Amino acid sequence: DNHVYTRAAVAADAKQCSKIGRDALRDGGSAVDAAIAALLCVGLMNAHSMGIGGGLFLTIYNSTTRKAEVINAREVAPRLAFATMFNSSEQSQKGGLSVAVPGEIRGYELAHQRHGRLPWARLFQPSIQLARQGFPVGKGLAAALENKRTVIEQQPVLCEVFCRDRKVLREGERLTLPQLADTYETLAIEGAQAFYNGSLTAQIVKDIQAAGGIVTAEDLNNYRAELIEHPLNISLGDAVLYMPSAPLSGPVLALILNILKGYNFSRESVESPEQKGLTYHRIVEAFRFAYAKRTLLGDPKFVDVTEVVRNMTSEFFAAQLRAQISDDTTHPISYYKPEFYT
C-alpha cells in the first residue's frame, strides 16, 4: 500500500516475487530464505534478466553478530576456455561458446547453509506452482521480449515458451514455463548436487555443447561458491557501506562516493538551478575519475589488484582526484589518466 512496513520488507522487480519473499519471512525464514525464494521467482517472471543458468553475488548483514559477508557465486570460464577464443562480439554473445559455468544454485546452497531457517524445498514451492500455472507477462519482460523479437521468433526452442502464434508474448499474455517447473522440482527434492553432480548435469553439458560450447561435466563438478568474510567497506559519516570487491564494482562505487563526500552535499546542493547544475557536473566528473581506474581491475585470484583497490578505497587518493575536478568544465579522456597496464 504505502510501502513503509513496521517489521520487514522485500523489494524485488516483480510484485509477485516481492510477495513470495515476504511470505517466506512471515513463515519464519531468515532474510536469506526470503532472498532465495524471491530470486527463484524473478528467474521466472523476469527470465530475460537472471535465473539458474546464471550467477550472483549476495551481500549479507547479520544484525546479531553485526558482521557483513559477501557470497560470490558468479559464473567462471570453463577449463577449456582461453584468451583468444572469440574473434567477434557475435561469438562472445550468442550460442554455447558464450556460456560460462553457472554458479546460481551453489550460491543459493551456501547462503542457505549459513543462514537458512526454512527447508530448501519450501524455497522452490511457490515458484514451481507459478511456472506450471502460468502468469501474465509483466511490463519489464514484455519490453525485453519486444527488444529481442527478431532473435526470439527465429529460434524455435525460445519461441516454444516465449511466443503465442509464432510471435513474442506481450504484456498481460500468459507465460508458462513447464520444463523449468520440473527442473525446479528436481532441485527442491534432490538439492544443489542435482545441477552440479547429479541428475541434471549430463543434460546441461549436452545442451551447452549442442549450441557450440565447451562446458563439461568436470566444470560443473568443480564449481564452488565462495564466502568472503571481509567485504569492501567505506566509512561515510557515521555509517559503513558494505559492497563486494573485485571482480565486482565496489571499488568503483567506493571511489565515486569518497570523491563526492568531500563536497559535503546536502539538500542545499540541489535547492537552486545554480547549485543543482554544479552538483550534477561534479557527480559526472567523479564518475569519470572513478572509471579511469576501473580498467586495471579483474578477478583478484588471477590479477594482483590489492594496490589498485587500496587506492580506489582511500579518501586521500579520492581527495587528489576531487582537487582535479574543475567546476567550470569537463575534460578530455586523457585528463583522467585511464590506465590499461600496471
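We number the residues from 1 along the sequence you see.
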Report summary line: Entry B factor averaged over C-alpha atoms, 269-277 against 55-63: higher for 269-277
Query raised in the report: Is the mean CA B factor in the deposited entry higher across 151-159 or across 238-246?
Result: 151-159
Query raised in the report: Quick one: which of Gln133, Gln203, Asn72, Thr183 has the biggest Cα B-factor according to the entry?
Result: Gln133
Requested in this report: Have a look at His48, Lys293, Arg288, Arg282 and flag the one whose Cα has the highest B-factor in the entry.
Outcome: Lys293
Requested in this report: Classify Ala9 as lowest, middle or highest third according to the C-alpha B-factor given in the PDB entry, relative to its own chain.
Outcome: middle
Query raised in the report: What third of its chain, lowest, middle or highest, does the C-alpha temperature factor of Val168 fall into?
Result: highest
Report task. For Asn87, return the chain-relative third of its C-alpha B-factor as stated in the PDB record: lowest, middle or highest. Result -> highest
Query raised in the report: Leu232's Cα B-factor: lowest, middle or highest third of the chain?
Result: highest
Report task. Report the third (lowest, middle or highest) to which the CA temperature factor of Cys17 belongs, ranking only the modelled residues of the same chain. Result -> lowest
